[PDB]
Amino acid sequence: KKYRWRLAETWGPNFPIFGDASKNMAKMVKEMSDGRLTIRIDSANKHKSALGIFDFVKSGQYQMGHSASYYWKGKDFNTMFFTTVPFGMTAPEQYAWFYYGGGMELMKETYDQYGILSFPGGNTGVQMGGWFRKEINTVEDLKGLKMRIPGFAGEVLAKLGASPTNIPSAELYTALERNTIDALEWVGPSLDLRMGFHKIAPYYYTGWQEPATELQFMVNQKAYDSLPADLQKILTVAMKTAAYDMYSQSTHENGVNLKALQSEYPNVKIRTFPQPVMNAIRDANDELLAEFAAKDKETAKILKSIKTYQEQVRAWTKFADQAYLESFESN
């Protein structure tokens, strides 16, 4: 008659934006449910397994998790494509895909076999390319590069001879400080500056690899089923709402912090990969997508949905948003 659930999240405690999304979700559920369902959150400082969230929720040890789908590529490579993909969709496009273009259904197709329900957990919007010790001037500079980079982008850089890793949010600055890694990408101005990377890595590259990173709420299938229908709805709605508000917050904080970056950080050197490097990355991505499609029918089905939907909705984005933003004045 009264439910007490626990949520495990990848992030350190009191982590802004990402931790706000899980917090906001839990507060809404309590408030809408007059306390019938309440959700206590354990961050990485507590459960000490930032990348164990999938297992926590699969087993039922936590009813819920907040994390990112593409962290679970080991469990199932198809988990990569429900977060974001290189050269993929923007957040408005991707939210359309999830809720109106078949994405939610495809995600369930992957996650049902684990007894996990996955839901969008909040979008960062467009991400940066990351923080580097040394500039990337040629493809050869990626060879043996120790870079923290998750998801399919990680796969792509491995294909080009890099040495990618997935170090979780709270340990990133330390890994770079000790030279465990020599480059990293995290998110963008909204979180990267308070996390301190610029102190060690002067070069801040523009992105390509995460155009709209969607985080993930995960729910144990049995816990969800243990709920009455009205609370089930409160839960799913609160997650969707928290996810959307996080994109709003990320956009807000990116505005605040790009501004700080263009005035309070004279030693940050904003850079873009040279075109020959982008062409090489683009080709490796396209080739690797083909490989992944050819080797599994479900992978092939997801990538075809992503590609097809992007082609349709991007034409509108180009026609509308992009043209609006590119508009100028002569004279």
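Residue numbers here begin at 1 and follow the sequence given.
- Across the two stretches, 270-278 and 294-302, the PDB entry reports the greater mean Cα temperature factor for 294-302.
- The stretch 170-178 shows the higher mean C-alpha B-factor when 170-178 is compared against 128-136 in the entry.
- In the PDB entry, the Cα temperature factor peaks, among 242, 149, 223, 258, at 223.
- The maximum CA B-factor among the listed residues 252, 199, 159, 108, taken from the PDB record, is found at 199.
- Among all modelled residues in its chain, residue 81 ranks in the middle third by Cα B-factor.
- Ranked by C-alpha B-factor against the other modelled residues of its chain, residue 118 falls in the middle third.
- Ranked by Cα temperature factor within the chain, residue 69 sits in the lowest third according to the deposited record.
- Per the deposited record, the Cα B-factor of residue 165 falls in the highest third when ranked against the other modelled residues of its chain.
- Residue 112: CA B factor in the highest third of modelled residues in this chain (values from the PDB entry).
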